[PDB]
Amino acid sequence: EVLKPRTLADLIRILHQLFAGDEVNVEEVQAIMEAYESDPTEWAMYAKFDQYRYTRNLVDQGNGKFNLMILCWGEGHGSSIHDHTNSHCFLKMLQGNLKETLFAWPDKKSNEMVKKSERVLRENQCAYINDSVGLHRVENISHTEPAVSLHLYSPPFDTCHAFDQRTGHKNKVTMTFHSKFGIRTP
């Protein structure tokens, strides 16, 4: 009964509609992102990897309502523990598998951070997080295979915080794009 996009372009078009309003039904968006069957022929143009770090590849700016980007995780690549700057954040697997570790928020006291959940995102699965849910970190589970994920952030944002797992202390980080619309950035 979920509206099923048949192509990445269908999905983007549906997303333009679901985020046209002031209200966003989170479960609705999650189910539609998940219903799209990852087709590498459709997103290979965005699948630009790097030897040492994961890459952020902009796909669509969602008429100022969201960023839709593709993240390419090389062998063993992972993120830091990070927050999401008060936005809705949807994460769908396109290839491979990411381990998501949910953390609790630190307070002012220095302390080892606390895991609240640990899971593997399956093929085509769409996960969701926001700041009230927790912090998280994502990691390619594989040291022999890449992972590719599709991310929708609403409203868009280009700064967040990274957290040190040993203490909980945090630093501001400016996110950069490795490529936009299939074109490498400077």
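All residue numbers refer to positions in the sequence shown, first residue = 1.
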Higher mean Cα B-factor in the deposited model: 161 to 169 or 18 to 26?
-> 18 to 26
Quick one: higher average CA temperature factor, 68 to 76 or 104 to 112?
-> 104 to 112
Among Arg119, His143, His136, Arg122, highest Cα B-factor in the entry goes to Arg122
Please rank the C-alpha B-factors of the chain's modelled residues and tell me whether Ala44 sits in the lowest, middle or highest third.
-> middle
Just say lowest, middle or highest third for the CA B-factor of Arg184 relative to the other modelled residues in its chain.
-> middle
Can you work out whether the C-alpha temperature factor of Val59 puts it in the lowest, middle or highest third of the chain?
-> middle
Lowest, middle or highest third of the chain for the C-alpha temperature factor of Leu11?
-> lowest
